[PDB]
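Its first residue numbered 1, the sequence shown is counted upward by one per residue in PDB author numbering.
Encoded as structure tokens, the structure appears first; notes follow it.
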Amino acid sequence: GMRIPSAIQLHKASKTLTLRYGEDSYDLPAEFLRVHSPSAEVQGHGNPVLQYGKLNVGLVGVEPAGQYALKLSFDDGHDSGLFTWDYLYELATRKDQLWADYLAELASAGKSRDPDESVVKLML
């Protein structure tokens, strides 16, 4: 279709993107959106690489990049890439499942969200 927002909030005190998919109003965190950032002005590469040591990011700013994508700035980022519209809303209704998925990646890659985490279990 198209899904173009009217609620835009980055909630800078809590770094939360709020959006409204059709009727339904969701509020996603900044650290999810940094790692789920398919850069789009790469123009030569596109590997899936795990993005870790990024937990304490926040959102710093947000303005519409024309009519088809939303320019998004991240404190612990590089403020480049397109997010489109329909991909933003796709994420808006998917985050938890994608998060649970990205957790298992971080769990087993022997890295962490946290810049200085301490995996001190033994379960495998």
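We put the CB at the ideal spot given by N, CA and C, even for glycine.
From the DSSP output, in three-state form, read off residue i for me.
i: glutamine 43; result: coil
i: residue 180; result: A question about residue 180 goes unanswered here, because the residues of the chain that appear run from 1 up to 124.
i: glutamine 97; result: helix
i: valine 62; result: strand
i: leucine 106; result: helix
Could you pull out every residue in the same chain whose Cβ sits closer than 8 Å to the Cβ of residue i, ignoring the five residues on either side in sequence?
i: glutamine 43; result: none
What does the Cβ neighbour count give for residue i, buried or exposed, with the cut at 16 atoms within 10 Å?
i: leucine 10; result: buried
i: residue 130; result: Nothing can be reported for residue 130: it is not among the residues displayed for the chain, which extend from 1 to 124.
i: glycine 58; result: buried
i: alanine 109; result: exposed
i: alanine 92; result: buried
i: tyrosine 68; result: exposed
i: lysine 54; result: buried
i: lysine 15; result: buried
Which residue marks the beginning of the beta strand (DSSP E) containing residue i, and which one marks its end?
i: residue 175; result: With the chain represented from 1 up to 124, any question about residue 175 goes unanswered, as that position is not in the structure.
i: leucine 28; result: 24-29
i: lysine 71; result: 70-74
Give the range of the alpha helix (DSSP H) segment to which residue i is assigned.
i: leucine 91; result: 86-92
Please return the same chain residues whose Cβ sits closer than 6 Å to the Cβ of residue i, not counting the five positions on each side in sequence.
i: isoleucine 8; result: none
i: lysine 71; result: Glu63 and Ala65
i: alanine 30; result: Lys15, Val57, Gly58 and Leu59
i: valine 119; result: none
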